[PDB]
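*Asks:* Mind having a look at this structure? Questions to follow.
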Amino acid sequence: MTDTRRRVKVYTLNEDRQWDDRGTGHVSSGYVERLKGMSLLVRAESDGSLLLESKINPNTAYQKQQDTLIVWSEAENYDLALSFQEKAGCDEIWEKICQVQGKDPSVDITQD
Amino acid sequence: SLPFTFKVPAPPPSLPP
């Protein structure tokens with residue numbers, strides 16, 4: 001029954017500049033009132049909680065580091081990554097990011 | 001079968017930013 005198309009693992013860059021597993025979940029996009037924009041939303045698989053709510057900032061350089069990884073700087077000293085079970089799901093979210101930023105989804109980094 | 005499901009990003013170097 002578990003959806004795999006949008007199933008992801010969320011990572012944050014830790015104090016040793018390695019990656020912390022913050023849990024598996026499912027990723028969607030939606031407009032978030034207080035962030036004034038389309039945002040990436042992850043619900044945790046462990047308990048359904050809101051794990052991630054990240055505005056798609058027009059100026060952020062998102063990187064498609066592999067066919068199933070999207071990586072970006074959320075703030076200073078704060079780096080995030082979404083790892084996708086399905087390349088098709090990664091492509092779906094990459095398209096939304098590229099649409100928000102006015103970029104062609106063929107790029108692998110959205111800002112120069 | 002796949003070995004694992006979830007890739008992880010590379011650990012970033014200190015230099016260059």
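Going through the structure tokens in order, the chains are called A, B, and so on, while each chain numbers its residues from 1 and the ligands are numbered from 1 in the order shown.
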Please find the residues of chain B near chain A - the criterion being any atom within 7 Å, counting only C-alpha atoms - and write them as a PyMOL selection string.
*Replies:* chain B and resi 5-8+11-12
*Asks:* Could you write out the selected residues, including N, CA and C atoms, as a short mmCIF file (atom, residue, chain, number, x, y, z; two decimals), in the first residue's frame?
*Replies:*
```cif
data_model
loop_
_atom_site.label_atom_id
_atom_site.label_comp_id
_atom_site.auth_asym_id
_atom_site.auth_seq_id
_atom_site.Cartn_x
_atom_site.Cartn_y
_atom_site.Cartn_z
N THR B 5 18.04 1.43 -1.14
CA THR B 5 17.07 2.28 -1.80
C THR B 5 17.53 3.73 -1.92
N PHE B 6 18.16 4.27 -0.88
CA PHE B 6 18.36 5.70 -0.77
C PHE B 6 19.83 6.04 -0.91
N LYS B 7 20.13 6.79 -1.96
CA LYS B 7 21.41 7.45 -2.09
C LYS B 7 21.56 8.51 -1.00
N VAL B 8 22.81 8.88 -0.73
CA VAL B 8 23.15 9.95 0.19
C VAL B 8 24.08 10.90 -0.56
N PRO B 11 29.86 13.83 1.10
CA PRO B 11 30.31 14.75 2.15
C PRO B 11 31.09 15.90 1.54
N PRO B 12 30.70 17.14 1.82
CA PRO B 12 31.34 18.29 1.17
C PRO B 12 32.69 18.60 1.78
#
```
*Asks:* Which residues are close to residue 41 in chain A, i.e. within 9 Å by only C-alpha atoms, leaving aside same-chain residues fewer than 4 positions away? Reply as a ChimeraX atom specification.
*Replies:* /A:26-30,50-55
*Asks:* Could those residues be written to a file, using C-alpha atoms, as an mmCIF file, in the first residue's frame?
*Replies:*
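Listing of part-v2.cif after writing:
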```cif
data_model
loop_
_atom_site.group_PDB
_atom_site.id
_atom_site.type_symbol
_atom_site.label_atom_id
_atom_site.label_comp_id
_atom_site.auth_asym_id
_atom_site.auth_seq_id
_atom_site.Cartn_x
_atom_site.Cartn_y
_atom_site.Cartn_z
ATOM 1 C CA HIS A 26 6.644 11.398 1.381
ATOM 2 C CA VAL A 27 7.265 14.661 -0.466
ATOM 3 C CA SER A 28 4.715 16.989 -2.006
ATOM 4 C CA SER A 29 4.523 20.628 -2.965
ATOM 5 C CA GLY A 30 2.017 23.214 -1.894
ATOM 6 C CA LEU A 50 5.341 17.381 9.283
ATOM 7 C CA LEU A 51 9.054 16.642 8.918
ATOM 8 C CA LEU A 52 10.032 19.326 6.406
ATOM 9 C CA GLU A 53 8.396 22.539 5.201
ATOM 10 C CA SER A 54 10.886 24.334 2.952
ATOM 11 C CA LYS A 55 10.020 27.310 0.764
#
```
*Asks:* Could you pull out all residues of range 45-82 of chain A with a DSSP call of strand (DSSP E) and give them as a count of residues only?
*Replies:* 22
